[PDB]
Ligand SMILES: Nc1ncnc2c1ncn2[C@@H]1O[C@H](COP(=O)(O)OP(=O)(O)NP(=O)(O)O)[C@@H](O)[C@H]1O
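The chain below stands alone and is given in structure tokens; this is the form deposited without the named molecule.
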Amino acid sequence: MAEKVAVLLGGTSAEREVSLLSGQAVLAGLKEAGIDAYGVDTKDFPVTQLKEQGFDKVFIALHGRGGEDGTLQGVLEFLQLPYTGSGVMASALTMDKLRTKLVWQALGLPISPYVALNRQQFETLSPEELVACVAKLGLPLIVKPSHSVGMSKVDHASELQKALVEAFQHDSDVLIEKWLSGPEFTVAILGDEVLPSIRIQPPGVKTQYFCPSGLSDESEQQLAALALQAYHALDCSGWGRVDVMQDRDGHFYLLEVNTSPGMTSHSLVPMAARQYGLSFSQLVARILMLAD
């Protein structure tokens, strides 16, 4: 009757080294709570054998490709093992910045004005026609692939073409967004509970996090309700984090949802959890409890 829990960690993606640390910490947190957990480095053990190996339940602490993008989640649904975080559709949809935006937009949720361009339009249209496509966005602009690399800030119209070429190296769909002044915030969600937001200050020569975020009580409440809508819009469950950006006018704009967040002692979700009053061990036991 007691459950054997596999903590999937490391793997083969670019984020392997961070995932080893998330996994190690999750493992020690689950053990502290009395959970019969085992570390499973998926670089050396194939996730297709988890069931044969005796596991009843899975905690996902991989990041990036093969971890948070739906592929692993599909394996686990095929094996019929319960697992933490979001299902197939949500894990994959949250990787696609265009379709994430489209869903949010149809629900009237705030996103930064933008224009999407596919490959066929890029090949069809002259640099001057492209400039006219995006004129209503004003300046400056952010150009990026829909699926980080290949991103540029465009300060005037003449710089657009170069930024579009670079972005179309990596993808057949590209986003041109109106630039936002910042700062950036992230909001962790655990089950139905929204945790305290964190303000992020990225380096300029190191990354700094502030929790409490510094927002007014009224702003926090708006941001919390917004994050929760953004998360439910994409059909996320279990847990995740919503990244939001402020503009000069103080309004929030939705960036993305991360469906397998970092769990190292320096990561964001543990920081918000601690501020909410949970120990790391309580956090991980709660995430696991939300898998059924």
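We call the rigid core whatever largest set of C-alpha positions still superposes within 1.5 Å between the two forms. Numbering starts at 1 and runs along the sequence shown.
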Between 126-134 and 187-195, the one whose CA atoms sit farther away in 5 other deposited structures of this protein (rigid core aligned): 126-134
Between 210-218 and 135-143, larger RMS Cα displacement in 5 other deposited structures of this protein after core fit: 135-143
Other entries lacking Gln73, at least a third: no
Absent coordinates for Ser148 in a third or more of other compared entries: yes
Unresolved deposited residues lying between neighbours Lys162 and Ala163: none
Count class of coordinate-free deposited residues lying between the neighbours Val205 and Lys206: 10 or more
Between the two ranges 50-58 and 228-236, the one averaging a larger CA B factor in the entry: 50-58
Of 131-139 and 210-218, the stretch whose C-alpha atoms average the higher B-factor in the entry: 131-139
Highest recorded Cα temperature factor - choice among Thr186, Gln73, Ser126, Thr100: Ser126
Residue of maximum C-alpha B factor among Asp96, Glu193, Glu77, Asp173, per deposited coordinates: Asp173
Lowest, middle or highest third - CA B-factor, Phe122: highest
Ranked C-alpha temperature factor of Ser267 among modelled chain residues, by third: highest
Entry-reported Cα temperature factor of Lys31, expressed as the chain third it lands in: highest
Among modelled residues of the same chain, the CA temperature factor third for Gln169: highest
CA B-factor ranking of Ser197, expressed as a third of its chain: middle
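From this point on, the text means the form deposited with the named molecule bound, which you will not see here.
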Option touching the named molecule, based on a heavy atom within 4.5 Å in the deposited bound form, out of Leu180, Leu190, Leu215, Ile198: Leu180
Answer option from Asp96, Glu184, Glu128, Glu77, heavy atom within 4.5 Å of the named molecule in the deposited bound form: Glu184
Candidate stretches 251-259, 230-238, 50-58, 31-39, one within 4.5 Å of the named molecule in the deposited bound form by heavy atom: 251-259
Site check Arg274, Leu278 and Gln282: each within 4.5 Å of the named molecule in the deposited bound form by heavy atom: no
4.5 Å heavy atom contact, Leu107 and the named molecule in the deposited bound form: no
Contact test in the deposited bound form: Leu81 vs the named molecule, heavy atoms, 4.5 Å: no
4.5 Å heavy atom contact, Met151 to the named molecule in the deposited bound form: yes
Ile142 within 4.5 Å of the named molecule in the deposited bound form, heavy atoms: yes
